[PDB]
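In case you want the letters, here they are:
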Amino acid sequence: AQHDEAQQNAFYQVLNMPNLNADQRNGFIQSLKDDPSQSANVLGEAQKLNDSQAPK
């Protein structure tokens, strides 16, 4: 976890999702902190929610 490439990438990508609002991305970040085991899952869910909220 400690400056691990997958770990920091997961956090970074959850932040860098323009279709998520603050509450959503913060929600995912907290879930990520709680469950670093579920980094991949949280990332996937965040990407899915971002994608669904895409204007086009």
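Here the structure is shown first, and the text comes after it.
Residue labels here follow a simple count from 1 along each chain's written sequence instead of the entry's numbering, which may differ, and residues missing coordinates are not shown. Side-chain metrics rest on all non-hydrogen atoms present in the structure, leaving aside hydrogens and water.

## Quick notes on the packing of helix α1 (residues 5-15) against helix α2 (residues 22-34)
For helices, the axis comes from a line fit to the C-alpha atoms of the stretch in contact; other axes are also lines fit to C-alpha atoms, and the angle between any two N-to-C directions lies between 0 and 180 degrees. Each helix is a run of DSSP H or I of at least 4 residues and each strand a run of E of at least 2, with the numbering of both proceeding from the N terminus. For the pair α1 and α2, the least separation of the axes is 9 Å and the interaxial angle reads 165 degrees. As the angle between them shows, α1 and α2 are arranged roughly antiparallel. Viewed along their axes, α1 and α2 form a crossing whose handedness is right-handed. Counted together, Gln7, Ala10, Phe11, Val14 and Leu15 of α1 and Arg25, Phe28, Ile29, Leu32 and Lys33 of α2 form the full contact between these two elements. When its residues are assigned to classes, the contact of α1 with α2 shows 7 nonpolar, 1 polar and 2 charged. To sort the angles, those under 35 degrees are grouped as roughly parallel, those over 145 as roughly antiparallel, those from 65 to 115 as roughly perpendicular, and the leftovers as oblique. Whether a crossing is left-handed or right-handed is set by the direction in which the near helix is turned from the far one by less than a right angle, anticlockwise for left-handed and clockwise for right-handed. The contact definition used throughout considers only heavy atoms, calling two residues in contact when any of these lie within 4.5 Å. When residues are sorted by character, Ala, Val, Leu, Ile, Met, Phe, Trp, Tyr, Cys and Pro go into the nonpolar class, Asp, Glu, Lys and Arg into the charged class, and all the rest, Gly among them, into the polar class.

## Details of unusual backbone geometry
Of note, the phi angle at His3 is positive, near 45 degrees, even though the residue is not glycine. Considering the arrangement of structural elements, one finds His3 in the segment before α1.

## Observations regarding the environment of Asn41
Mapping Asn41 onto the fold places it in helix α3 (residues 39-52). In sequence terms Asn41 and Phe28 are 13 residues apart; their C-alpha atoms lie 10.0 Å from each other.

## Quick look at the environment of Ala1
Within the secondary structure layout, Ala1 lies in the segment before α1. Each C-alpha atom, one on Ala1 and one on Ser39, is 9.8 Å from the other, the two residues being 38 residues apart in sequence.

## Looking at the side chain of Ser39
For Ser39, the location among the structural elements is in helix α3. Owing to a relative accessible area of 11%, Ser39 belongs among the buried residues under this scheme. Under this definition, polar contacts are N or O atom pairs within 3.5 Å; protein pairs additionally need one hydrogen-donor-capable and one acceptor-capable atom, and for neighbouring residues in sequence, both atoms have to be side-chain atoms. Polar side-chain contacts of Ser39 include one of 2.8 Å to the backbone oxygen of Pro36. Filtering out sequence-adjacent residues up to four positions away, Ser39 remains in contact with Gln7, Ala10 and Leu32. Here the term buried applies to any residue with accessible area under 20% of the maximum for its type, exposed to any over 50%, and partly exposed to those in between, with areas from a 1.4 Å probe on protein chains only.

## So, α2
In this scheme, a helix's expected span is set at 1.5 Å multiplied by one less than its residue total. Its 13 residues place the ends of α2 18 Å apart at the C-alpha level, agreeing with the 18 Å of an ideal helix rising 1.5 Å per residue. Every buried residue of α2 is accounted for by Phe28, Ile29 and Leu32. All buried residues of α2 fall inside an arc of 100 degrees around its axis, so they share one side. For α2, exposure combined with an orientation more than 90 degrees from the buried face picks out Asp23, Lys33 and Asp34. N-capping of α2 is provided by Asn21, with a side-chain oxygen placed 3.1 Å from the backbone N of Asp23. By arc we mean the arc of the directions from the helix axis to the C-beta atoms, nothing more.

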